Structure formats: C-alpha cells, structure tokens
Amino acid sequence: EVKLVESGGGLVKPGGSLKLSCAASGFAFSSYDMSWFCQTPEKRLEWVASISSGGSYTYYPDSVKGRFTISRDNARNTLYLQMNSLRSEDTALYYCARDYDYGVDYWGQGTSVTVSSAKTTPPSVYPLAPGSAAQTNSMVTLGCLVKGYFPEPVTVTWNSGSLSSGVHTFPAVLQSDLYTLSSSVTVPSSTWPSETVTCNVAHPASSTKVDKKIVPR
Amino acid sequence: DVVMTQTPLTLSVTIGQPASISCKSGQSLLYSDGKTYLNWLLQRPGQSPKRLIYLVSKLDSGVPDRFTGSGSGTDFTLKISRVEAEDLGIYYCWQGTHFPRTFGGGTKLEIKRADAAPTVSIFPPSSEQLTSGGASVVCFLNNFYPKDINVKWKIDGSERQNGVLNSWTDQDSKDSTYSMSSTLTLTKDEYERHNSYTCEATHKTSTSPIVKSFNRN
C-alpha cells in the first residue's frame, strides 16, 4: 500500500527557487510526521527537513535553515519542499520519507535536482566502430559516445530496445563543465555489419532524440 | 553534529558466508526517554533506501532474520549470518537521537564470484567528432572480476595520464562482474601529431598485460 512519489526536480540557476512535491497514497497521510532527505552525487545521505502530522511543527538543519520550507496539504495527501537561494552544493536526489516506528520506514523514489549556471546543451552522438584492422571475431563490440550534454540524464538503447543483453552503458562524467557518457553493445560477428545496429539517445531536457547507425570504417 | 563512523568501507563476501559492519558514534545515542535511536538501511544500485533495523536491534518485516543488529552507547554492529546475491549495495547506519539526524558514510558490499577476464576493445575517434576539432579514443573493459585492474594509455609508446577519464559500472546483479570505459581525449591537432595509440590493462586473470592498439593509417 505505502507509496511516495516525488516530482518537481530539474535544473535551477544558483540563487534560484524550485518547489518539490511528494504525492502520498496507500496510507492515512494526515496521521504521520513526514521528512525530506537527499542523497548527494558522492552517495552521502543527509536529512533536509521534517514536519508534524498536522503541519504545526517544522524542523530544519542549519545547512538549509532560512532557505527551504517544508509544508503539507493534508486535503491532497501531498508534502512540499519550497527551495530558495539554491546553491551548487544542494545538487542531489531529494527523497520524501515517512517518519514512523522511531525512525523512517518508507522512502520515496526521489526527484533529481541540479543547481548550476551552465546551460542546457543537447549531446553530440558519435559512432564507435572498430579500427580498420581487426581480428577476433566471434563477437564484435560497437558503441556510442554521447558527448557534451547537460543537464543529466540521457537514456541510451540499442535498436530501440531490442538487444538489451550484451549492452553496458556507463555513468556520465564531467568534462569541460559538461557530461560525457559511453555505451557498448556486443554482437555476433555475423550479424554485424550485415544487419544494422543503431544507438538511440534521448536527452529529455533539450527535447532531443538522436539515432546513430554504426557503419564500418 | 554527531559523527557516525562505519567500518569497513568495503566488504567482499561469497554467497553463504557471514559479514559484519561496525558503526561508531561520536556521542552516546541513548535518548532521554531511555531508547536508543540507531537505525540501519540498505540502498541497492538504482533503488531507494530500504529500512533494515530500527531501535538498534528491531528487524524490518520485509527483511530476513539473517540480519541482526546489536550494540549500545556509541558502538553498534550489523551482522549478516549468510550473505545472498540480493544483499549487493551500500549499507548505512544513521542516528535519530541528537538534532540534526546524521548518517554514517556507507559500507559497500560486493559479492565475490570466480575470476573473470576483461574483454578489451579500443576505438579510434569517429570521423564525425574530428569535424568538431576534438578527438576521443575509447577503450571498453567489460565483464571482469575482481575489480582490481590497472589501465594505461600509451601514445607512440609513452604513458599518458592527461585527458584520461574512466567510468565504472556498479557490480552486475546478474553475473557479479564489473565493466569500465576509459576515454582519452585530445584536440584533433594533438591527435594528428602521433601515430600509435594503446589501451593496456593488467589484471590477475592473465600472466601478461592485455594490450589493444591501433596506428591510424
């Protein structure tokens, strides 16, 4: 039954504002104290804010006191986190959580927040085909390099999802204040290149979708 | 804020074998009501945190009793009597006794499996990318175990660490291997001033380095 679904995360400029929401269902929302926590890019967990069942009592650590407000609408089974004066160190995955049983019992799915003055930039997508010299051949590995985009995330699939096994898509890295990621796929040397292999890349922030067919060198 | 210290940072365990994790707090976690608000949670890769233990030794009902918690005062231990595949992920202790709530730094649990050699593939910069004036050489090293591996780039025989970025996947929940991409990034002009590019790896699975190389002509 207990379900917690955050929304409202996105890219925000340093000094800007964003309001997150958490829709609760499967339990009597108004009877429970609720909290926000976040997980940083380095995977540290931190407590962000807490609020009493009836909304009367609010608590904040010093890291956010004066900048963030937590509130709830018990008519709408919804918790909120108003975030002002945002800074780059606030970049994190924000989770709502239910306080119960002398701790926290359920966590939400999280909504991602990046605070940065860097602009939304669609990716360049480049094909990774083997060098003109080969060998090894039962299987051949191909890839896409998805370079110079921001903010996160991108999605990568191969032949529109038909393929799945043999694929590795690696976490993005920061390079010139933009993200770069790679994805490899491994197929039988028989099916490539006689059959086509295409990486499909989505970058929802720039409303962009790129197909790149891998062709021999 | 109360400091929470976890030992070890890393565990590597074979299925069916026990493990334990230590949590030490900078101050006693006994609250004035006589209860000790010390908690453990698991975050599996790509999932939300899951409660394990609350009030030091109390077991979350979705968690099997092969997990137990103990301790008092400043010293606590999470024990797993026999590790199973799904135990893969980062374990955290956290305290609710003192304001602000604070978390341990996390202990990453890896599952041991049999040694597996990396599949290594090298890719010259695509034609496309050269037109942007940049050049990335990509090396994939896929499905290896253990995680210990040393990857070097050589240009015309000489080592280069400048412009290299590496990205690792999480341990696969299906085969318990790791994968990594290593990307060497030059300007087109720099790239074009050299002939030989090598991705060289050392791993316990082979008595000699794994070498993948191209010349570019």
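Any read-out appearing in this document is the output of simple, stated calculations on the displayed coordinates, not a laboratory observation. Methodologically, a virtual Cβ is constructed for each residue, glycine included, from the backbone with ideal geometry; neighbour enumeration extends over all protein chains shown.
The figures follow:
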item: 1 or more residues within 23 Å of residue A:20 (Cβ to Cβ): qualifying strands (runs of 3 or more DSSP E) within segment A:93-199; result: A:103-107, A:111-115, A:155-158, A:179-188
item: Residues satisfying the stated conditions in segment B:88-141, i.e. assigned to a loop (DSSP other than H, G, I, E, B), over 30 Å from residue B:35 (Cβ atoms), facing another protein chain (nearest Cβ under 10 Å) and not polar (S, T, N, Q); result: B:124, B:125
item: Condition check for residue B:122: touching a strand residue (DSSP E or B) at 6+ places or on another chain (Cβ under 9 Å), within 30 Å of residue B:215 (Cα to Cα) and crowded, with 19+ Cβ neighbours inside 10 Å; result: yes
item: Count of segment B:76-86 residues which are out of contact with any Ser or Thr (no Cβ under 6 Å at 6 or more places or on another chain) and either surrounded by 20 or more Cβ atoms within 10 Å (Cβ to Cβ) or over 17 Å from residue B:14 (Cα atoms) (or both); result: 4
item: Members of segment A:58-104 found to be of a type outside the set (S, T, N, Q), surrounded by fewer than 16 Cβ atoms within 10 Å (Cβ to Cβ) and within 13 Å of chain B (Cβ to nearest Cβ), listed by number; result: A:62, A:65, A:101
item: In segment A:12-37, the residues that are part of a loop (DSSP other than H, G, I, E, B) and either closer than 25 Å to residue B:96 by Cβ or among the aromatic types (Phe, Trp, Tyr) (or both); result: A:26, A:27, A:28, A:32
item: Residues of segment B:52-95 classified as acidic (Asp, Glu) and closer than 21 Å to residue A:101 by Cα, total; result: 2
item: Failed item, numbered, when residue A:176 is tested on (1) more than 8 Å from chain B (Cβ to nearest Cβ); (2) touching a residue at least 24 places away in the same chain (Cβ under 8 Å); (3) over 21 Å from residue B:183 (Cβ atoms); (4) of a type in the set (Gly, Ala, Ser); result: (3)
